[PDB]
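A single chain, nothing else alongside it, follows as C-alpha cells in the form deposited in one PDB entry.
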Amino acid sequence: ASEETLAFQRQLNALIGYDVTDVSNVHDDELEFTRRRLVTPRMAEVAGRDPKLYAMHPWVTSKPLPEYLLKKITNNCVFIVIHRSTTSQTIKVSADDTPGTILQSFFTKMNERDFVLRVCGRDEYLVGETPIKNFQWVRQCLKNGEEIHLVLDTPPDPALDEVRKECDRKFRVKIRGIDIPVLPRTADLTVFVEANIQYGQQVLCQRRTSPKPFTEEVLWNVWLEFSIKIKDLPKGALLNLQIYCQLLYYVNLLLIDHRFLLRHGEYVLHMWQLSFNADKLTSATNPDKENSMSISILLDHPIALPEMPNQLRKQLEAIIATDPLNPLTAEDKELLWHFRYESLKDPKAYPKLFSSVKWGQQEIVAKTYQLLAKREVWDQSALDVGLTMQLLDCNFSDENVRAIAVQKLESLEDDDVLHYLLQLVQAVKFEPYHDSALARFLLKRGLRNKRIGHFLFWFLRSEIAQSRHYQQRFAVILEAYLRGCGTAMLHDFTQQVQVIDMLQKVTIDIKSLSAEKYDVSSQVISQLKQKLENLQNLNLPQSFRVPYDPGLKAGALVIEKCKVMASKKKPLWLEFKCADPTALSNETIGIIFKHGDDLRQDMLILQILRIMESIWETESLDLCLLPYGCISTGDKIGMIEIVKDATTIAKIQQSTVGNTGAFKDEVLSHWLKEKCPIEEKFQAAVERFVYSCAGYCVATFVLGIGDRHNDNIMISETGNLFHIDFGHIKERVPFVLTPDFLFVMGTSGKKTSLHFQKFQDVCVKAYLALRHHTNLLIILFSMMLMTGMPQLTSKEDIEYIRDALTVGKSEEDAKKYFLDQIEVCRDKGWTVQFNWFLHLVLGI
C-alpha cells in the first residue's frame, strides 16, 4: 500500500462522498466482498471498449425518424454549416451519409483525414458508421427548425481516458433485548418485538414477544420458533425485526449470506426509526450508534446448495390480462401455478405467475427454476421495458427471476438506457444483495458510454449523499465505476464536485440572512457578489462540465448578473460564460442552486416527462414540453437549469394588476403579442402555447399533480408553457386551464374556437397515446412513490394513476373522460387560483 495507492482511495472517497472502505458500520463483509467481485466486470468492460468511440461518445438512435421530423426534411436532404475559424461553408448532404462521407465530400467541394465534426460550442461529436439523421443533435436541430453548425477540429486523444493500474428443524431466533440511550416524552409507553421472515415484501411467517413497559433497557431472552423449516428458506429471505409501541424501530438481516451460508452467531443490530417504501427493505444498519435503538439477538455451517378446457383457459387469460395493481386470489394463484407451462408461453404473465409461487417451500422453488430453465419463449420475446421493470420491483427477491429481467435490458441501446437510467438506478434498492445482475448491468453500461456514465455518477451520488439506508451499497457501485471511467472523466467529476461544494456553502450562507421575511437586502446582494469574487479569485475552477448537460462547458462567473432570488428559500441565480470559444453566441448559462426543496422529487418527475415525450414520439407527437435539467447534488440541495426568456404566469398577472386575486383574462395574450412583434412569431408562439399547454395538461393530470398555483407555471417569449416547482406535491381542478390560457387560444366565454379545438384534439391524441403504454406508466409511477417519497406510500396512492388512465375503459369512453376534465376547468374559471392566492400568498 504505497502512498500512491492510499492517495487514490482518498480522492475516490472524496468524489464518492462516502468512505467505501469504512467498516465501523457492518456485521459482516458483504460490502468488501462486492468491491472485490466487481473488479472483474469492471476490467472486462474497460478492455473491451473501443478507445476512440469511447473518447468522443457519439450520441445516436436506431429508431425511425418521427413523422413530425419527416416534414422538416425535403427530399432526403440536409444542410450543415462547417466552420474553420472565421471561415465557414454550407453544404447539402444526403440524410444517409456517414460523418466520413461528409468530410470526404467536404474536401472535394472546397495527415489528411485526421479531423472530425463536432458541434459548435459543445463536446458533442458526430462520428461513427451511422447516418447523420440518426444523430440526436441533428434531430434536435430539425425539430427546433434550427441550423446545424459543426466545427472541424482535432479528434480527442484516447490516451486521456487512460485507466490506472489495477435441516428439518424449524427456524428459531432469540430476542435478548433492546437498548436505547434516551426515550420520548410521553413516557408511559409499552413495546414488543415482532419478528418476520420476509421475501418479496410478503411475510412467510411471524412471531412476537410479550408486551412490556418502554424503558432504556428491555430484556426478554425469549426463544421465537417459526414454523417454516431451515431447508425451506429461500436465498434472499429477510429476518425483519420490528418494534411496536405502532411501528417505531426496524432493522433487517439476510438469513442467507452472499456466500450461501446460514446466518448464525450473536448480533447487535442498530435499527432505524420510523417517521410501504424502499428503505424498510435495506440490509444496512443505522451508523449512528450513540443515539439509535439496538436489538440484540442470537441464532442457532449449513450451506444452501445452488391442454386445458376452454372456460379454464379463458379464465386464465382474463387474469393474465389484468393490470399490474390488481391483486390475485388464492384460486387465482393456484390456477396460474397449476398451468405454469401454459402461462409461460406468454411473457405478460411472468409477473403474475412468479408471485403465485410459494417461495417458502424448497420444492416449489426448485420446480420454478426448472420451469425457468426453458426460456426460449422469453429469450425470443420482444423487449418490453414495462414488463421487465415489473420483475425488478419490491415484489421479487429471487436472484434468478430478476436476472432474466436484467437479461432483456441488455438489448437496450444507450439512447434508451438514458431514458430509464434513473428508474433502474432506483431499482437497486430492491435488490437483496449488494452484488447483483442489475448492479453489474449499470456498472457495465457506464464504463461503455460516457453520457450514461456521467449521469450514473450524479444519480448514485445523490443517493449516497442523502440516503444512509443505501449509501454503502451505492458507494461500492460508484467506486467500481470511478475505477474505470478514465483520468479525463475522473478530472471533470473533480471540477464539478469542487464547483458544487463551494457554491453549496454560499447558497446556504446566504439563506441564513432572513428566512421568514422576503426582502433581498441591498447589502445581501452586495455580500453575495463579494463571496463569489473571493472564489473566482483563482481558487474556483476556471471551468467545469454542467452536470445536467455534460455537453456544455461552463466558464467564469458573470458576477454582475448573479443575485439572490426574491424567493422564500432564497435560491441562487448564477450565470456563467460558455468556456467554449467555438460557441456561436454570447448567451450565458443560467444555473440555480437551491436549498429547502427535495429536488430528488423534481428530478424523478422531470424524468417521467422525458419518458412521455419519447412515448409520444413512437406515435409521432410533439407536445413541446420543457423538461429542464435538475440534479439533486446532495442533502436538500441541488441545481436547476435556467430557461432563458421565461417568466411566472402569476408575475404576468401581477404586473398588469398587482398583489391581488383580481386576475384578468387578456393579460397573457397581451404579454405574448408584445413579446412577438414579428407577426410570424406570434402565431408561432401561439401554436406553441396550444401544444406546450396541452402537453403539460395531459402529463400533469396522469401524474396527479395538476391542481397547482399560478406561480409554479412559466411561459417563454417564444410561447412555451412549462410547469416548474415540482417540490413535494374544497375546490379542485384536474389541471390548470385558466381563463388567461383559454383566452390566448381565442376563447373568452364557454364558446369553442379554432385553436381551442386544436388544443382539445391534441390533448386527446396525447392522452390516448399514453394509454397505449398504461402498464409502463403504472410501474414507473409505483417505483417512484416507493423510492422517491419520504413518507410511506400505499396501494391507494398507486391506484390513482390507474383511474386517471381509465384502465379497462374503451378509447371512446376515455376520449370523452378527458374532454370532461377539460370542461371542469372552464366551469371553475379563476376559482381555484384565487383560492391558491388566498392560501399561499395570504396565509388563510
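The numbering used is simple: start at 1 and walk along the sequence shown. Basically, rigid core = biggest C-alpha set you can superpose within 1.5 Å across the two forms.
Just so you know, the form deposited in another entry exists too; it's not on screen, but the next bit is about it.
Only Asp509, out of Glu674, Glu376, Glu587, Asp509, shows a C-alpha shift of 2 Å or more between this form and the one not shown on alignment of the rigid core. Put the two forms on the same core and the Cα of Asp519 is off by 2 Å or more between this form and the one not shown. Fitting the two forms on the rigid core leaves the C-alpha of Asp257 displaced by under 2 angstroms between this form and the one not shown. Shown in the overlay between this form and the one not shown, fitted on the rigid core, is a CA shift at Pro156 smaller than 2 Å. Distance between the C-alpha atoms of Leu513 and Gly17: shorter by at least 3 Å in the other entry than in the displayed form.
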